[PDB]
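Trainee: enclosed are the sequence and the experimentally obtained structure.
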Protein chains: 6
Amino acid sequence: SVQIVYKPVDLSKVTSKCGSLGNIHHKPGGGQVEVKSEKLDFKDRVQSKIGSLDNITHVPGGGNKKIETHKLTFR
Amino acid sequence: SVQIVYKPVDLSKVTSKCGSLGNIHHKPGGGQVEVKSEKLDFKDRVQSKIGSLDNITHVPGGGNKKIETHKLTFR
Amino acid sequence: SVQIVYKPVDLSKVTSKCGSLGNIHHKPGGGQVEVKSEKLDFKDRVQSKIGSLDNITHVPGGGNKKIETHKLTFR
Amino acid sequence: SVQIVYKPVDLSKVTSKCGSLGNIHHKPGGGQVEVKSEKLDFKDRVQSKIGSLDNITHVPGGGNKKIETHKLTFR
Amino acid sequence: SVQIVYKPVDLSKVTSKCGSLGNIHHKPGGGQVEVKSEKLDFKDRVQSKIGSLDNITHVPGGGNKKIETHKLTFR
Amino acid sequence: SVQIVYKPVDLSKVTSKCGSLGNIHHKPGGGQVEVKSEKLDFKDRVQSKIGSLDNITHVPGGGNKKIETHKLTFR
């Protein structure tokens, strides 16, 4: 005579919250710029930014993962 | 005389929240710019931005993953 | 005698939320720009932006995934 | 000069919900019964039930009512 | 020089919810019974139940009532 | 010179919720009974119940009422 009962429960939260979240930015200022760079030789790629304001978020991460591997047996 | 009862439950939440979320941006300012670069030799690509405001959200991430697996076996 | 009962339940949520979400932006300003670049040699492509405001989202990510494997076996 | 405008609006709900409503009943059981009553005198009626399961509703009530009286009068 | 404007509004809800409402009854059990009552003298009615399960909802109530009344009078 | 304006608003809820509401009953048990009552004399009505489970609701009440009595006059 045997009885077996298997009823596991998952109620968990796995969560990520990444970047610029929930800020208040009120009346931000800015400013003025020049470039006169001259005769220049670049052997490879040039990357440049000449903003007044930069307001930025960059999120390579935050990739949650869950794994769940259940088993039972008799004989 | 055997009984086996198998009723596992997933009620979990797996969640990502990524970037510029829920911010308040009240009256952002700006500004003014010049470039005069001259006689130049770029042997490979130029990437350039000359914005007044830049407001940006880049998200290569946030990619959730769930694996779930179940088994039962008699003899 | 044998009895086997198999009723696994998935009621979970898997979710992503990526980019510029739910922000409030009130009266954003801007500005003015010049370029005079001269005699230039570009041996490969120029990628350039000369906007006043740029407001941007770019989501290569946020890509959810699920796997759910089930089995039962007698003899 | 006179002006009179009369536009009363009834958009209310009056509702009753009475008895065995919206229940979920999964696998109810039952059982076994005997009576041997003997030499009996009943000078008035026997009302009797010998069921195994009885599942029952009886609603002498739930009877809604409304009254809505309107009037206007000049001189 | 007179103006009278009469536009009363009823948007209310009046509601009764009475009995066995929204219950979940999972696997109710039962049982077994005998009566042998003998040489009896019932001078007025016998009312009897000999069930295994009895599940019941009697609702003489829940009877809503709305009265609404309106008047206007000039001279 | 006169103006009169009459626009009362009812957005209320009057509500009753009476009996066995929203329970979960999971695997209820039961049991076993005898009556052998003998030679009995009843001068008036006999009421008897010999259940194993009794699960019951009885609601004489819950009968909501609303009353609303509006008036206006000039001279």
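Mentor: Great, that's in hand. Numbering: from 1, shown residues only, chains lettered A, B, ... in the order given.

Trainee: of all of chain A, which residue lies closest to chain D?
Mentor: Nearest to chain D, among the residues of chain A, is residue A:7, at 15.5 Å (CB to the nearest CB). In this view, the C-beta of every residue, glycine as well, is placed from N, C-alpha and C.

Trainee: that residue touches residue B:4, doesn't it?
Mentor: No. In this structure residue A:7 lies outside contact range of residue B:4 using CB atoms under 8 Å: 11.9 Å.

Trainee: count of neighbours near the residue of chain A closest to chain D?
Mentor: Residue A:7: 12 surrounding residues under other CB atoms under 10 Å in any protein chain shown.

Trainee: can you check residue A:46 too?
Mentor: Using other CB under 10 Å as the criterion, the residues surrounding residue A:46 number 17.

Trainee: pretty sure it is touching residue B:40, no?
Mentor: No. The pair formed by residue A:46 and residue B:40 falls short of the contact definition of CB under 8 Å, at 9.1 Å.

Trainee: so what's residue A:54 up against?
Mentor: Residue A:54 makes contact with B:54, B:56, according to CB atoms under 8 Å, 6 or more residues apart in numbering or on different chains.

Trainee: could you measure from it over to residue C:28?
Mentor: Separation of residue A:54 from residue C:28 (CB to CB, to the nearest Å): 14 Å.

Trainee: cool, and residue A:29?
Mentor: If you measure residue A:29 against residue C:28 using CB to CB, the figure is 13 Å.

Trainee: these two: who's more crowded?
Mentor: Taking other CB under 10 Å, residue A:29 and residue C:28 do not tie; residue C:28 has more neighbours (17 against 12).

Trainee: right, and the more buried one touches residue B:52 too?
Mentor: No. With contacts counted by CB under 8 Å, residue C:28 stays clear of residue B:52, the gap being 10.1 Å.

Trainee: which residues do the two both contact?
Mentor: Listed as contacting both residue C:28 and residue B:52 by CB under 8 Å, 6+ apart are residue C:53.

Trainee: just the closest residue of chain A to chain B, please.
Mentor: residue A:52 (3.4 Å).

Trainee: pop out the phi and psi values for that residue.
Mentor: When read as degrees, to the nearest 10, the backbone of residue A:52 gives phi -100, psi -60.

Trainee: surely it is in contact with residue B:28?
Mentor: No. Taking CB under 8 Å as the contact criterion, residue A:52 and residue B:28 are not neighbours in contact, 10.1 Å apart.

Trainee: got a list of contacts for stretch A:68-75?
Mentor: Contacts of stretch A:68-75 (CB under 8 Å, 6+ apart): A:2, A:4, A:6, A:8, A:10, B:2, B:4, B:6, B:8, B:10, B:66-75.

Trainee: just the ones of those residues in helices?
Mentor: Counting by DSSP state H, none of the members of the contacts of stretch A:68-75 fall within helices.

Trainee: burial count for residue A:55?
Mentor: As a burial measure, the neighbour count of residue A:55 was computed by other CB under 10 Å and equals 19.

Trainee: check contacts around residue A:22.
Mentor: With contacts taken as CB under 8 Å, 6+ apart, residue A:22 has the following neighbours: B:21, B:22, B:23.

Trainee: ok, 6 Å please
Mentor: Listed by CB atoms under 6 Å, 6 or more residues apart in numbering or on different chains, the contact set of residue A:22 reads residue B:22.

Trainee: residue A:48 too?
Mentor: Applying CB under 6 Å, 6+ apart as the definition, the contact partners of residue A:48 turn out to be residue B:48.

Trainee: tell me what it is bridged to.
Mentor: For residue A:48, the residues forming beta bridges with it (DSSP bridges) are residue B:48.

Trainee: I'd say residue A:39 and residue B:39 touch.
Mentor: Yes. Contact between residue A:39 and residue B:39 holds when scored by CB atoms under 6 Å: they sit 4.9 Å apart.
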